[PDB]
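Observations on the three-dimensional arrangement
The chain contents come next:
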Amino acid sequence: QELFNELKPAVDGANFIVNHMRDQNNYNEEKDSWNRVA
Amino acid sequence: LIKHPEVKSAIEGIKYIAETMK
Amino acid sequence: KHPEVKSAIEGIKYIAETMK
Amino acid sequence: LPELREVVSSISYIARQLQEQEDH
Amino acid sequence: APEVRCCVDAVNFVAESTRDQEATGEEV
């Protein structure tokens, strides 16, 4: 489908943003864990 | 298009960003 | 072509311009 | 299809900016 | 079609949050 081929960059970008925010959130949660240990 | 795994992952991810920000 | 879809489109555009 | 093209442009720009942020 | 409505509502939630952050930072 040409529709899916044209939207594939959009889907890849959406997944990249999703992974970026998820990794950032996990990084942040580990930082709060260290803060609580302190 | 909805049945594709990538689209489902993207939709769940957008919902995840929304709930996390809330 | 609902108003909410147009609002979402303008929202993504606004986010892009904000990052720019 | 101006709407889908603008969506692709905005999403690609956001992803590129985040990739640059990751490299930084 | 709850998928379309829910994804849209999420996108407007991000847009409104960004608008608020701009407004809060214009006051600051």
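About the thresholds
Residues numbered from 1 in each chain as written, not as in the entry; some residues may be left out. Chains lettered and ligands numbered in written order. Part of a larger assembly, values for the part shown. Heavy atoms only, no water. Helix = DSSP H or I, 4+ residues; strand = E, 2+ residues; numbered from the N terminus. Contact = heavy atoms within 4.5 Å. Core = buried A, V, L, I, M, F, W, Y, C linked by side-chain atoms within 4.5 Å. Buried < 20%, exposed > 50% of the residue type's maximum accessible area, 1.4 Å probe, protein only. Buried area = accessible area lost by both parts, 1.4 Å probe. Salt bridge = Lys/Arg side-chain N within 4 Å of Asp/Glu carboxyl O. Polar contact = N/O pair within 3.5 Å; in protein donor to acceptor, adjacent residues only side chain to side chain. Nonpolar A, V, L, I, M, F, W, Y, C, P; charged D, E, K, R; others polar. Patch = residues over 30% accessible without salt bridge, like charges linked within 9 Å, V, L, I, M, F, W, Y side chains within 5 Å. Areas by Shrake-Rupley, 256 points an atom, 1.4 Å probe, with all protein chains shown as cover. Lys, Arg positive; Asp, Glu negative; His and termini not counted. Charge placed at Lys NZ, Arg CZ, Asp CG, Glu CD.

Structure determination for this PDB entry is given in the record as cryo-EM, at a resolution of 2.19 Å.

What follows covers the side chain of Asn-15 of chain A. Looking at the element boundaries, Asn-15 of chain A is found in helix α1 (residues 2-37). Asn-15 of chain A has contacts with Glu-6, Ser-9 and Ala-10 of chain B, leaving out every residue within four places of it along the chain.

A few words now on the arrangement of the chains. Between chains C and E lies the most contact-rich interface of the 5 pairs of chains that touch. When C-alpha atoms are compared, chain A and chain C, though not in contact, are closest at a spacing of 12 Å. No interface is formed between chain B and chain C, the nearest pair of C-alpha atoms being 12 Å apart.

Within soluble globular proteins, side chains that are nonpolar generally end up buried alongside one another. One finds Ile-17 of chain A together with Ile-11 and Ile-14 of chain D to be the most contacted residues of the largest nonpolar core, which totals 13 residues. Only α1 of chain A, α1 (3-19) of chain C, α1 (2-23) of chain D together with α1 (2-27) of chain E provide two or more residues apiece to this core. The biggest single contributor to this core is α1 of chain D, with 5 residues. Contact partners of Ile-11 of chain D, with chain neighbours within four places excluded, come to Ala-10, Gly-13, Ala-14 and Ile-17 of chain A together with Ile-12 of chain C.

With that settled, consider the interface of chain E and chain C. A common measure of how large an interface is: the accessible area buried when the components associate. Residue-level contacts link 10 residues of chain E with 11 residues of chain C. Counting each side, the surface lost to burial between chain E and chain C is near 860 Å², with a carbon and sulfur contribution of 63%. Contact with chain C buries surface across chain E, with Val-11, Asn-12 and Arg-19 of chain E losing the most and accounting together for 42% of the total. Applying the counting criterion to the chain E and chain C interface returns 1 salt bridge. With its nearest N and O atoms 3.7 Å apart, the salt bridge here joins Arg-5 of chain E to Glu-4 of chain C. Where chain E touches chain C, the interface holds 1 residue pair in polar contact. Class assignment of the residues belonging to the side of chain E that touches chain C gives a composition of 4 nonpolar, 2 polar and 4 charged.

Looking now at a negative patch on the surface. Taken together, the side chains of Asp-23 of chain A together with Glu-20, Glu-22 and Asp-23 of chain D make up a negatively charged region of the molecular surface. Here the negative patch takes 3 residues from α1 of chain D, the largest share from any one element. Among the structural elements, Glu-22 of chain D can be located in helix α1.

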